[PDB]
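S.K.: Quick one: structure below, then a few questions.
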Amino acid sequence: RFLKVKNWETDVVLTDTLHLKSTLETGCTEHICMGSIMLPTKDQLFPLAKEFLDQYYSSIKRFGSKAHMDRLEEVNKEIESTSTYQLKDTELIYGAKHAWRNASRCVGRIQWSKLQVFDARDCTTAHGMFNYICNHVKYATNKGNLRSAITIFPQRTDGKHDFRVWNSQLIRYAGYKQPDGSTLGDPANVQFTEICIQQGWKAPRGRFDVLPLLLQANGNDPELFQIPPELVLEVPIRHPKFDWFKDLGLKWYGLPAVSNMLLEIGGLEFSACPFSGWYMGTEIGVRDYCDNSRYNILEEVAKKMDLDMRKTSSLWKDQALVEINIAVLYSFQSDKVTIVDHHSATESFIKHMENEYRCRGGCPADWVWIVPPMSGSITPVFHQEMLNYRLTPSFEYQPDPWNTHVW
Amino acid sequence: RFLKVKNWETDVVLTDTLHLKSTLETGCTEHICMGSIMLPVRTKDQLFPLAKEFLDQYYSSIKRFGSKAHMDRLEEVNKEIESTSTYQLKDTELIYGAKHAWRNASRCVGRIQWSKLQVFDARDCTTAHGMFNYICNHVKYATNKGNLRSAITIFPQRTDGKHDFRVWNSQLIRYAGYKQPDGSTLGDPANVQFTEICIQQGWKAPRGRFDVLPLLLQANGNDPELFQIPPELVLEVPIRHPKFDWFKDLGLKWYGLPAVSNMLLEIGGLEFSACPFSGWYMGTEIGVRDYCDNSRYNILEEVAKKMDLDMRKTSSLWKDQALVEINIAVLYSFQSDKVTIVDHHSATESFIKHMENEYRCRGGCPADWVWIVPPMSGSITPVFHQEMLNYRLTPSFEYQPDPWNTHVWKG
Ligand code: HEM
Ligand code: HEM
Ligand SMILES: Cc1cc(N)nc(C[C@H]2CNC[C@H]2OCCCCCc2cccc(F)c2)c1
Ligand SMILES: Cc1cc(N)nc(C[C@H]2CNC[C@H]2OCCCCCc2cccc(F)c2)c1
Ligand SMILES: C[C@H](O)[C@H](O)[C@H]1CNc2nc(N)[nH]c(=O)c2N1
Ligand SMILES: C[C@H](O)[C@H](O)[C@H]1CNc2nc(N)[nH]c(=O)c2N1
Ligand SMILES: [Zn+2]
């Protein structure tokens, strides 16, 4: 019932107790492990509320104080009456920060407590959403000195009146059908680019066209807005050694900002809660550039390096992959946009695991996502046993809204 | 019930029914996933069910389920168990058994090859000397002057747990490590403890960076005995680089035959605690793990110094760069000497093909992602994007505790 995790590199052994407060389910059973699958009202609300406020009041050293008991009654009175309730600012800040703290797939969690929270619960329209978002993007960007932040739109009610950002990130490039049978821009975004075009966007049809935000307020049809160009910090990609690199025409954006998830605090669901921090290099260099189903550029790069592409065993793919990632890091650093490499990121996450075992009794971690998609075994996370379990407050996936919302 | 797995690169969707024949337990629950934890006498009562299950499986595969010959064999095993408490496998069953343990190893990327496996039956073996002889022949047959052949040698099964056959070496061929009084290590730091025990048992250590350890063998529950593999049986490749001429002066070499000797093979409820098997390397097992783990040979600094990489900031990606050149070197060297080896691109691609055929023909393929995906270049290999189900079938290879931890010394 107490569980040991060992690090096979350093022999350090940790004891996890935090898992016993695990609440949600994993997908695994004693018969079958699903570790590698990408996705495995009135009655229920008060339990969820209570469990949250309990951890809250414990966290501020007020467990069992009168202020504690009073809030618990206040919230119960509100639910019995209004079939829902509202969070205090202090509660909301703590909930958001803890959803980040509990994100088992996030390597960057040493930072969890430095999160600027923007309370946008007073928002009512899609134009209001847009204003909030622009302010978030500008505050977060900070002329290259990136700062973590999240913006929280009003919470779900009867699920007939959801707030949703339709984009998956705030900033993403378009992807287009061609007669060629090929793909122009980012293939990740084809379908969404077409929901744009069909809702009205005039697509410039380039390789790196910044997508229009698509915002939905109080369950209404969504509306299109272009983030001001001057707010979208982008980075031209060059290599510190190869002068030809820049002729590939590569650029990436500086701000990673996931916008499609759902934040759950104390039973309440926040369906629009865009959040953002800063990139680990490999997310752009390995995934964005080199995945077959993305910009898929290895072939073009290797050629320019004049490597022997005759046999997989010359490791030309691997050689080209390292250079691309060297070019990503170098470009962001030279333009002074914040970025972290995988060595530094993982080394920080291991220090953060230790702190969290020391100070909280554990740290939920999904090894499959924490280990970088290149050079796994030379980073320390590789040798570290991890335990994966679901705690609340949390971020969760939710179905794409187009499939769902009635048009 | 049906479980679906998706490939995120190709959109290929597969259906597993095979997980429905799973018995042993994973270590995971509905509340905790242990998918990244490394290490998560049988009475008569359980033995016949286990025998029966195996024998039903065996008899299905040869298309004689329900035959008279199937019925009679269940009867005969039945009797042998009630009378002697154990039973003996036919050759045919043992071979089928050992092939399936491989086929069921979910941590093994090499399984496309599972049906081509040479089985050496060493169950007449009675002494340690006898064990030497069997193992030398395995190594010679498997080696084949560089054209590697997969093989397994199976020594007599567990009886009362007091008369166990064990190979104390974790692999038949591995290098000694020595811990120095200054605190540093010479040779392979991984084998320090085992090296210590061999010294204790009378081995005269050369004390080099690449001394082939002696075999240390336990027959019939007796104290283990030392033996040196004939050096002419031990194929080695010195490592050099196609473009970097200073690479050879690093002094690196490795052996050709990877041969796991510390696992326990389970078939029909019987336990074969000495069952060393061997195939051929994927390059990254040497070039990533053996050379570049901090806990192993750890040659990253020296390699990148010599390549003159900027080493003052991890963000130059100098480690990633040195790591690639070493791996190019390992593969170049094995190929030049004509010693069988597979690169990680080719190995994962074959695997995905095997995995698909297995779902089409067998209704599944248990697979552990943490292990299947290579420890360099993860996402440019097709397994990264592959969803996988992990569960346990028998026959199977299992871990067993190191024998110096359990052995009762006779003196
Ligand atoms: C400060 C710098 C940050 C770094 C370096 C970082 C790093 C990462 C990385 C590399 C991933 C995997 C991405 C992928 O391969 O798709 C990830 C996932 C995630 N991170 Fe972060 N993160 C940062 C900030 C944040 C913030 C501010 C939040 C929320 C407040 C957050 C919450 C999450 C969540 C929920 C996921 C996984 C979502 C899922 O299940 O798909 N992270 N993080
Ligand atoms: C044909 C050449 C083969 C290749 C290229 C290959 C590949 C691999 C690799 C790379 C590993 C993981 C090693 C590591 O990363 O630490 C592995 C694990 C394993 N393989 Fe193979 N394999 C081969 C043949 C075999 C054979 C002949 C057997 C036995 C019949 C076998 C059974 C296993 C088992 C049981 C494991 C799990 C090890 C553990 O849990 O510690 N493989 N395979
Ligand atoms: C906040 C943050 C910081 C940071 N450095 N990185 C991230 C992750 C971002 C950057 N790159 C990918 C994005 O993560 C999203 C992962 C979700 C993919 C899973 C998915 C969701 C929905 C539909 C799918 F088909 C597949 C987030
Ligand atoms: C048959 C075979 C073929 C092939 N290509 N690879 C393998 C796996 C081998 C090759 N490299 C390591 C080994 O896998 C097991 C690794 C376990 C870690 C070392 C260890 C294991 C057990 C006890 C120890 F003290 C130390 C096996
Ligand atoms: C803790 C973690 O599971 C452990 O380090 C695993 C990770 N994946 C691995 N994968 C392979 N192929 N071999 C290994 O030794 C390991 N080690
Ligand atoms: C199928 C498998 O779960 C999938 O490829 C995962 C593997 N690990 C990952 N790790 C990260 N960080 N991001 C991902 O999108 C994935 N994809
Ligand atoms: Zn699991």
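We label chains A, B, ... in the order they appear in the structure tokens, count residues from 1 in each chain, and number ligands from 1 in the order shown.
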Just want the 6 Å neighbourhood of range 271-288 of chain A, counted on only C-alpha atoms, with same-chain residues fewer than 4 positions away dropped. Output as a list in words.
M.R.: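 Answer for this query is residues 147, 148, 149, 150, 151, 152, 153, 163, 164, 165, 256, 257, 258, 259, 262, 294, 324, 325, 329, 339, 340 and 341 of chain A.
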S.K.: Those residues you just picked out, can you put them in a file as a PDB file, in the first residue's frame with N, CA, C and O atoms?
M.R.:
ATOM      1  N   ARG A 147       6.411  34.122 -19.445  1.00  0.00           N
ATOM      2  CA  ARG A 147       5.858  33.885 -18.093  1.00  0.00           C
ATOM      3  C   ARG A 147       4.634  32.995 -18.199  1.00  0.00           C
ATOM      4  O   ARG A 147       3.784  33.214 -19.061  1.00  0.00           O
ATOM      5  N   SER A 148       4.542  32.007 -17.311  1.00  0.00           N
ATOM      6  CA  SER A 148       3.421  31.083 -17.314  1.00  0.00           C
ATOM      7  C   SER A 148       2.143  31.787 -16.907  1.00  0.00           C
ATOM      8  O   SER A 148       2.161  32.651 -16.012  1.00  0.00           O
ATOM      9  N   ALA A 149       1.040  31.418 -17.570  1.00  0.00           N
ATOM     10  CA  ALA A 149      -0.224  32.012 -17.248  1.00  0.00           C
ATOM     11  C   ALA A 149      -1.396  31.165 -17.757  1.00  0.00           C
ATOM     12  O   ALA A 149      -1.236  30.327 -18.638  1.00  0.00           O
ATOM     13  N   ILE A 150      -2.567  31.381 -17.174  1.00  0.00           N
ATOM     14  CA  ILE A 150      -3.781  30.704 -17.602  1.00  0.00           C
ATOM     15  C   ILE A 150      -4.913  31.729 -17.493  1.00  0.00           C
ATOM     16  O   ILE A 150      -4.871  32.563 -16.589  1.00  0.00           O
ATOM     17  N   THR A 151      -5.895  31.661 -18.412  1.00  0.00           N
ATOM     18  CA  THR A 151      -7.094  32.500 -18.365  1.00  0.00           C
ATOM     19  C   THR A 151      -8.335  31.608 -18.216  1.00  0.00           C
ATOM     20  O   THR A 151      -8.525  30.704 -18.998  1.00  0.00           O
ATOM     21  N   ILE A 152      -9.183  31.891 -17.232  1.00  0.00           N
ATOM     22  CA  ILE A 152     -10.290  30.979 -16.869  1.00  0.00           C
ATOM     23  C   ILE A 152     -11.645  31.628 -17.115  1.00  0.00           C
ATOM     24  O   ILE A 152     -12.052  32.527 -16.392  1.00  0.00           O
ATOM     25  N   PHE A 153     -12.306  31.170 -18.177  1.00  0.00           N
ATOM     26  CA  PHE A 153     -13.659  31.580 -18.564  1.00  0.00           C
ATOM     27  C   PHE A 153     -14.713  30.969 -17.644  1.00  0.00           C
ATOM     28  O   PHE A 153     -14.346  30.188 -16.747  1.00  0.00           O
ATOM     29  N   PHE A 163     -18.530  27.666 -22.457  1.00  0.00           N
ATOM     30  CA  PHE A 163     -17.469  28.431 -23.117  1.00  0.00           C
ATOM     31  C   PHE A 163     -16.385  27.474 -23.690  1.00  0.00           C
ATOM     32  O   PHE A 163     -15.848  26.611 -22.975  1.00  0.00           O
ATOM     33  N   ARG A 164     -16.056  27.644 -24.968  1.00  0.00           N
ATOM     34  CA  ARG A 164     -15.011  26.851 -25.614  1.00  0.00           C
ATOM     35  C   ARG A 164     -14.147  27.757 -26.487  1.00  0.00           C
ATOM     36  O   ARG A 164     -14.694  28.619 -27.192  1.00  0.00           O
ATOM     37  N   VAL A 165     -12.821  27.581 -26.419  1.00  0.00           N
ATOM     38  CA  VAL A 165     -11.894  27.993 -27.488  1.00  0.00           C
ATOM     39  C   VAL A 165     -11.794  26.802 -28.455  1.00  0.00           C
ATOM     40  O   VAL A 165     -11.362  25.706 -28.033  1.00  0.00           O
ATOM     41  N   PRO A 256       3.882  28.505 -26.358  1.00  0.00           N
ATOM     42  CA  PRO A 256       2.997  27.333 -26.365  1.00  0.00           C
ATOM     43  C   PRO A 256       1.819  27.565 -25.431  1.00  0.00           C
ATOM     44  O   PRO A 256       2.003  27.901 -24.255  1.00  0.00           O
ATOM     45  N   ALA A 257       0.613  27.326 -25.930  1.00  0.00           N
ATOM     46  CA  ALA A 257      -0.597  27.744 -25.229  1.00  0.00           C
ATOM     47  C   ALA A 257      -1.707  26.791 -25.508  1.00  0.00           C
ATOM     48  O   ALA A 257      -2.421  26.912 -26.529  1.00  0.00           O
ATOM     49  N   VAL A 258      -1.866  25.815 -24.628  1.00  0.00           N
ATOM     50  CA  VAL A 258      -2.845  24.764 -24.910  1.00  0.00           C
ATOM     51  C   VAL A 258      -4.158  25.378 -24.576  1.00  0.00           C
ATOM     52  O   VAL A 258      -4.260  26.058 -23.555  1.00  0.00           O
ATOM     53  N   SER A 259      -5.150  25.183 -25.447  1.00  0.00           N
ATOM     54  CA  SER A 259      -6.399  25.862 -25.287  1.00  0.00           C
ATOM     55  C   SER A 259      -7.632  24.951 -25.375  1.00  0.00           C
ATOM     56  O   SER A 259      -8.751  25.439 -25.224  1.00  0.00           O
ATOM     57  N   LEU A 262      -9.899  20.962 -20.410  1.00  0.00           N
ATOM     58  CA  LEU A 262     -10.965  21.284 -19.469  1.00  0.00           C
ATOM     59  C   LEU A 262     -10.360  21.210 -18.096  1.00  0.00           C
ATOM     60  O   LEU A 262      -9.783  20.182 -17.757  1.00  0.00           O
ATOM     61  N   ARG A 294       3.644  15.581 -39.571  1.00  0.00           N
ATOM     62  CA  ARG A 294       3.788  17.034 -39.360  1.00  0.00           C
ATOM     63  C   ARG A 294       4.571  17.708 -40.508  1.00  0.00           C
ATOM     64  O   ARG A 294       4.263  17.458 -41.683  1.00  0.00           O
ATOM     65  N   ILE A 324      18.735  19.782 -36.601  1.00  0.00           N
ATOM     66  CA  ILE A 324      17.467  20.491 -36.553  1.00  0.00           C
ATOM     67  C   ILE A 324      17.212  20.997 -35.143  1.00  0.00           C
ATOM     68  O   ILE A 324      16.886  22.159 -34.960  1.00  0.00           O
ATOM     69  N   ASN A 325      17.408  20.152 -34.143  1.00  0.00           N
ATOM     70  CA  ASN A 325      17.194  20.572 -32.768  1.00  0.00           C
ATOM     71  C   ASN A 325      18.252  21.515 -32.246  1.00  0.00           C
ATOM     72  O   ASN A 325      17.995  22.284 -31.311  1.00  0.00           O
ATOM     73  N   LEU A 329      17.110  25.407 -30.805  1.00  0.00           N
ATOM     74  CA  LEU A 329      17.617  26.020 -29.587  1.00  0.00           C
ATOM     75  C   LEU A 329      18.379  27.307 -29.907  1.00  0.00           C
ATOM     76  O   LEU A 329      18.097  28.352 -29.327  1.00  0.00           O
ATOM     77  N   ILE A 339      13.494  29.391 -23.895  1.00  0.00           N
ATOM     78  CA  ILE A 339      13.353  27.996 -24.346  1.00  0.00           C
ATOM     79  C   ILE A 339      14.204  27.168 -23.402  1.00  0.00           C
ATOM     80  O   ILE A 339      15.173  27.681 -22.817  1.00  0.00           O
ATOM     81  N   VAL A 340      13.824  25.910 -23.218  1.00  0.00           N
ATOM     82  CA  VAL A 340      14.637  24.994 -22.422  1.00  0.00           C
ATOM     83  C   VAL A 340      14.970  23.763 -23.272  1.00  0.00           C
ATOM     84  O   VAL A 340      14.126  23.277 -24.109  1.00  0.00           O
ATOM     85  N   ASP A 341      16.180  23.262 -23.110  1.00  0.00           N
ATOM     86  CA  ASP A 341      16.524  21.981 -23.751  1.00  0.00           C
ATOM     87  C   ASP A 341      16.144  20.786 -22.866  1.00  0.00           C
ATOM     88  O   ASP A 341      15.944  20.926 -21.647  1.00  0.00           O
TER      89      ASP A 341
END
S.K.: Within 10 Å of ligand 4, counting only C-alpha atoms and all ligand atoms: which residues, as a JSON list (two decimals) with N, CA and C atoms, in the first residue's frame?
M.R.:
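Saved file part-v8.json follows:
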[["chain", "number", "residue", "atom", "x", "y", "z"],
["A", 8, "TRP", "N", 17.45, 3.80, -11.27],
["A", 8, "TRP", "CA", 18.43, 2.73, -11.56],
["A", 8, "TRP", "C", 19.85, 3.22, -11.90],
["B", 38, "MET", "N", 10.51, -1.35, -13.07],
["B", 38, "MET", "CA", 11.36, -2.38, -13.69],
["B", 38, "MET", "C", 11.01, -3.83, -13.29],
["B", 102, "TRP", "N", 9.27, -16.89, -26.13],
["B", 102, "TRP", "CA", 9.89, -15.76, -26.83],
["B", 102, "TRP", "C", 8.82, -14.93, -27.46],
["B", 107, "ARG", "N", 8.65, -7.34, -23.85],
["B", 107, "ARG", "CA", 9.71, -6.34, -23.76],
["B", 107, "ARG", "C", 10.75, -6.48, -24.89],
["B", 108, "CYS", "N", 10.46, -7.36, -25.88],
["B", 108, "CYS", "CA", 11.43, -7.77, -26.92],
["B", 108, "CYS", "C", 11.05, -7.30, -28.28],
["B", 109, "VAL", "N", 11.92, -6.46, -28.84],
["B", 109, "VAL", "CA", 11.67, -5.86, -30.12],
["B", 109, "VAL", "C", 11.98, -6.88, -31.23],
["B", 110, "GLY", "N", 12.67, -7.96, -30.87],
["B", 110, "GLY", "CA", 13.20, -8.86, -31.91],
["B", 110, "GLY", "C", 12.26, -9.99, -32.32],
["B", 111, "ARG", "N", 10.98, -9.91, -31.95],
["B", 111, "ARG", "CA", 10.11, -11.10, -32.02],
["B", 111, "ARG", "C", 9.72, -11.57, -33.43],
["B", 150, "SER", "N", 19.90, -17.60, -33.62],
["B", 150, "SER", "CA", 19.29, -17.59, -32.29],
["B", 150, "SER", "C", 19.22, -19.01, -31.78],
["B", 151, "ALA", "N", 19.44, -19.17, -30.50],
["B", 151, "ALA", "CA", 19.46, -20.48, -29.88],
["B", 151, "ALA", "C", 19.14, -20.37, -28.38],
["B", 152, "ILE", "N", 18.68, -21.46, -27.78],
["B", 152, "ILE", "CA", 18.45, -21.54, -26.35],
["B", 152, "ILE", "C", 18.89, -22.92, -25.88],
["B", 168, "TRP", "N", 25.15, -18.37, -12.79],
["B", 168, "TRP", "CA", 25.27, -17.17, -12.00],
["B", 168, "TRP", "C", 25.52, -15.90, -12.87],
["B", 169, "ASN", "N", 26.21, -16.04, -13.98],
["B", 169, "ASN", "CA", 26.39, -14.90, -14.88],
["B", 169, "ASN", "C", 25.05, -14.38, -15.34],
["B", 170, "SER", "N", 24.91, -13.06, -15.50],
["B", 170, "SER", "CA", 23.69, -12.49, -16.01],
["B", 170, "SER", "C", 23.65, -12.63, -17.57],
["B", 171, "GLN", "N", 24.79, -12.51, -18.24],
["B", 171, "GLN", "CA", 24.92, -12.96, -19.61],
["B", 171, "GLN", "C", 26.18, -13.83, -19.65],
["B", 174, "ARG", "N", 30.27, -11.21, -20.93],
["B", 174, "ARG", "CA", 30.17, -9.93, -20.35],
["B", 174, "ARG", "C", 31.57, -9.57, -19.80],
["B", 190, "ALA", "N", 28.75, -2.16, -14.16],
["B", 190, "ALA", "CA", 27.61, -3.02, -13.94],
["B", 190, "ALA", "C", 27.97, -4.38, -13.36],
["B", 191, "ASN", "N", 29.09, -4.96, -13.77],
["B", 191, "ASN", "CA", 29.42, -6.30, -13.32],
["B", 191, "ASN", "C", 30.42, -6.24, -12.07],
["B", 192, "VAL", "N", 30.62, -5.08, -11.48],
["B", 192, "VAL", "CA", 31.48, -5.06, -10.25],
["B", 192, "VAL", "C", 31.17, -6.21, -9.23],
["B", 193, "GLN", "N", 29.93, -6.30, -8.76],
["B", 193, "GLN", "CA", 29.60, -7.31, -7.73],
["B", 193, "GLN", "C", 29.93, -8.72, -8.19],
["B", 194, "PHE", "N", 29.48, -9.04, -9.42],
["B", 194, "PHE", "CA", 29.63, -10.38, -9.93],
["B", 194, "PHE", "C", 31.14, -10.67, -10.07],
["B", 256, "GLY", "N", 30.22, -10.15, -29.74],
["B", 256, "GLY", "CA", 29.13, -10.22, -30.72],
["B", 256, "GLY", "C", 27.85, -10.88, -30.24],
["B", 257, "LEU", "N", 27.95, -11.67, -29.17],
["B", 257, "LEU", "CA", 26.90, -12.59, -28.80],
["B", 257, "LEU", "C", 26.18, -12.09, -27.54],
["B", 258, "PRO", "N", 24.93, -11.65, -27.72],
["B", 258, "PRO", "CA", 24.27, -11.26, -26.49],
["B", 258, "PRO", "C", 23.44, -12.47, -26.11],
["B", 259, "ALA", "N", 23.67, -12.90, -24.88],
["B", 259, "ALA", "CA", 23.14, -14.18, -24.40],
["B", 259, "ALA", "C", 22.67, -14.04, -22.98],
["B", 260, "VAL", "N", 21.35, -13.97, -22.79],
["B", 260, "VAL", "CA", 20.80, -13.75, -21.42],
["B", 260, "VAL", "C", 20.80, -15.04, -20.66],
["B", 261, "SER", "N", 21.46, -15.06, -19.53],
["B", 261, "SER", "CA", 21.55, -16.29, -18.80],
["B", 261, "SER", "C", 20.86, -16.35, -17.37],
["B", 262, "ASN", "N", 20.12, -15.32, -16.95],
["B", 262, "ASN", "CA", 19.60, -15.31, -15.56],
["B", 262, "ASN", "C", 18.10, -15.38, -15.42],
["B", 263, "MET", "N", 17.40, -15.67, -16.51],
["B", 263, "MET", "CA", 15.98, -15.72, -16.51],
["B", 263, "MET", "C", 15.47, -17.13, -16.27],
["B", 276, "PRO", "N", 19.79, -20.18, -20.61],
["B", 276, "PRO", "CA", 20.40, -19.09, -21.37],
["B", 276, "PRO", "C", 20.04, -19.07, -22.86],
["B", 277, "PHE", "N", 19.68, -17.90, -23.40],
["B", 277, "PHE", "CA", 19.30, -17.77, -24.80],
["B", 277, "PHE", "C", 20.07, -16.60, -25.40],
["B", 278, "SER", "N", 20.08, -16.53, -26.71],
["B", 278, "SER", "CA", 20.91, -15.53, -27.35],
["B", 278, "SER", "C", 20.41, -15.29, -28.76],
["B", 279, "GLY", "N", 20.61, -14.08, -29.28],
["B", 279, "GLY", "CA", 20.16, -13.74, -30.64],
["B", 279, "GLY", "C", 21.26, -12.96, -31.34],
["B", 280, "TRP", "N", 20.96, -11.74, -31.78],
["B", 280, "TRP", "CA", 22.01, -10.77, -32.14],
["B", 280, "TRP", "C", 21.62, -9.34, -31.70],
["B", 281, "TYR", "N", 22.62, -8.48, -31.51],
["B", 281, "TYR", "CA", 22.39, -7.13, -31.03],
["B", 281, "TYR", "C", 21.64, -6.18, -31.99],
["B", 282, "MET", "N", 20.85, -5.28, -31.39],
["B", 282, "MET", "CA", 20.49, -4.00, -31.98],
["B", 282, "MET", "C", 21.58, -3.01, -31.51],
["B", 283, "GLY", "N", 22.04, -2.17, -32.42],
["B", 283, "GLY", "CA", 23.20, -1.36, -32.20],
["B", 283, "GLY", "C", 23.14, -0.51, -30.96],
["B", 284, "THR", "N", 21.96, 0.02, -30.67],
["B", 284, "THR", "CA", 21.78, 0.95, -29.57],
["B", 284, "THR", "C", 22.01, 0.31, -28.18],
["B", 285, "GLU", "N", 21.91, -1.03, -28.05],
["B", 285, "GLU", "CA", 22.14, -1.72, -26.77],
["B", 285, "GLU", "C", 23.57, -1.55, -26.36],
["B", 286, "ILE", "N", 24.48, -1.55, -27.35],
["B", 286, "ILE", "CA", 25.89, -1.25, -27.12],
["B", 286, "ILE", "C", 26.20, 0.25, -27.14],
["B", 289, "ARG", "N", 23.42, 2.32, -24.46],
["B", 289, "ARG", "CA", 23.37, 1.85, -23.07],
["B", 289, "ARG", "C", 24.73, 1.43, -22.51],
["B", 290, "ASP", "N", 25.33, 0.42, -23.13],
["B", 290, "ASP", "CA", 26.64, -0.10, -22.68],
["B", 290, "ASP", "C", 27.75, 0.95, -22.70],
["B", 341, "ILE", "N", 24.24, -7.71, -36.94],
["B", 341, "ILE", "CA", 23.69, -6.63, -36.12],
["B", 341, "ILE", "C", 22.52, -5.92, -36.82],
["B", 342, "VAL", "N", 21.55, -5.42, -36.07],
["B", 342, "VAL", "CA", 20.47, -4.63, -36.62],
["B", 342, "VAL", "C", 20.44, -3.24, -36.04],
["B", 399, "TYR", "N", 11.83, -13.01, -14.42],
["B", 399, "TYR", "CA", 12.96, -12.64, -13.58],
["B", 399, "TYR", "C", 13.04, -13.58, -12.41],
["B", 400, "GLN", "N", 14.24, -13.81, -11.92],
["B", 400, "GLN", "CA", 14.41, -14.56, -10.71],
["B", 400, "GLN", "C", 15.53, -13.87, -9.93],
["B", 401, "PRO", "N", 15.50, -13.96, -8.60],
["B", 401, "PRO", "CA", 16.50, -13.24, -7.83],
["B", 401, "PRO", "C", 17.91, -13.80, -8.03],
["B", 402, "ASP", "N", 18.89, -12.90, -8.01],
["B", 402, "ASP", "CA", 20.28, -13.31, -8.12],
["B", 402, "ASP", "C", 20.58, -14.40, -7.10]]
S.K.: What are the closest atom pairs, with distances in Å to one decimal, for all residues of chain B lying within 7 Å of ligand 5? Consider only C-alpha atoms and all ligand atoms, order rows by chain and residue number, and present the result as JSON lines.
M.R.:
{"residue": "B:36", "atom": "CA", "partner": "ligand 5", "partner_atom_place_in_ligand_line": "3 (O)", "distance": 4.2}
{"residue": "B:37", "atom": "CA", "partner": "ligand 5", "partner_atom_place_in_ligand_line": "3 (O)", "distance": 5.2}
{"residue": "B:38", "atom": "CA", "partner": "ligand 5", "partner_atom_place_in_ligand_line": "3 (O)", "distance": 5.0}
{"residue": "B:370", "atom": "CA", "partner": "ligand 5", "partner_atom_place_in_ligand_line": "8 (N)", "distance": 4.9}
{"residue": "B:371", "atom": "CA", "partner": "ligand 5", "partner_atom_place_in_ligand_line": "10 (N)", "distance": 3.7}
{"residue": "B:372", "atom": "CA", "partner": "ligand 5", "partner_atom_place_in_ligand_line": "12 (N)", "distance": 5.9}
{"residue": "B:373", "atom": "CA", "partner": "ligand 5", "partner_atom_place_in_ligand_line": "12 (N)", "distance": 6.9}
{"residue": "B:374", "atom": "CA", "partner": "ligand 5", "partner_atom_place_in_ligand_line": "12 (N)", "distance": 6.3}
{"residue": "B:375", "atom": "CA", "partner": "ligand 5", "partner_atom_place_in_ligand_line": "10 (N)", "distance": 6.9}
S.K.: As a list in words, please: every protein or nucleic acid residue near ligand 7 (cut-off 7 Å, counting only C-alpha atoms and all ligand atoms).
M.R.: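 Protein and nucleic-acid residues within 7 Å of ligand 7: residues 28, 32, 33, 34 and 35 of chain A; 28, 32, 33, 34 and 35 of chain B.
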S.K.: What residues in chain B lie within 8 Å of chain A, counting only C-alpha atoms, written as an MDAnalysis selection string?
M.R.: chainID B and resid 5 9 19 22:38 288:289 292:295 314:317 319:321 324 328 331:332 343 345:346 369:370 375:380 387:392
S.K.: Excluding residue 148 in chain B and its own-chain neighbours fewer than 5 positions away, which residues fall within 6 Å of it when counting only C-alpha atoms? Please give them as a ChimeraX atom specification.
M.R.: /B:142-143,340
S.K.: Do a neighbour search on residue 125 in chain A at 12 Å with only C-alpha atoms, toss out local chain neighbours closer than 4 positions, and write the hits as a ChimeraX atom specification.
M.R.: /A:120-121,129-132,153-154,161-164,215-223
S.K.: Env of range 227-234 of chain A: 9 Å cut, atoms = only C-alpha atoms, seq-sep filter 4 positions within chain, self excluded. Answer as a ChimeraX atom specification.
M.R.: /A:130,133-134,137-138,141,143-144,170-171,210-213,251-255,337
S.K.: Can you list, as a count of residues only, every protein, DNA or RNA residue that comes within 12 Å of residue 180 in chain B when you count only C-alpha atoms, leaving out same-chain residues fewer than 3 positions away?
M.R.: 10
S.K.: Considering only C-alpha atoms, return as a list in words whatever protein or nucleic-acid residues lie within 8 Å of range 225-232 of chain B, sequence-local ones (same chain, fewer than 5 positions apart) excluded.
M.R.: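 These residues fall inside the cut-off: residues 128, 132, 136, 198, 201, 202, 203, 213, 214, 215, 216, 217 and 218 of chain B.
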S.K.: Would you mind writing down, as a list in words, each residue of range 230-306 of chain A that DSSP on the backbone assigns to strand (DSSP E)?
M.R.: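 Across range 230-306 of chain A, those assigned strand (DSSP E) are residues 234, 235, 236, 251, 252, 253, 257, 258, 262, 263, 264, 265, 268, 269, 270, 275 and 276 of chain A.
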S.K.: So, counting only C-alpha atoms and all ligand atoms, which residue among A:166, A:118, A:407, A:242 is closest to ligand 3?
M.R.: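 Closest to ligand 3, using only C-alpha atoms and all ligand atoms: A:166.
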S.K.: How many Å separate atom 31 (C, counted along the ligand's line) of ligand 2 from CA of residue 39 in chain B?
M.R.: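 Between atom 31 (C, counted along the ligand's line) of ligand 2 and CA of residue 39 in chain B the gap is 17.5 Å.
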S.K.: As an exercise, work out the distance from atom 8 (N, counted along the ligand's line) of ligand 6 to CA of residue 399 in chain A in Å and give it to one decimal place.
M.R.: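 Distance reported for this atom pair: 20.1 Å.
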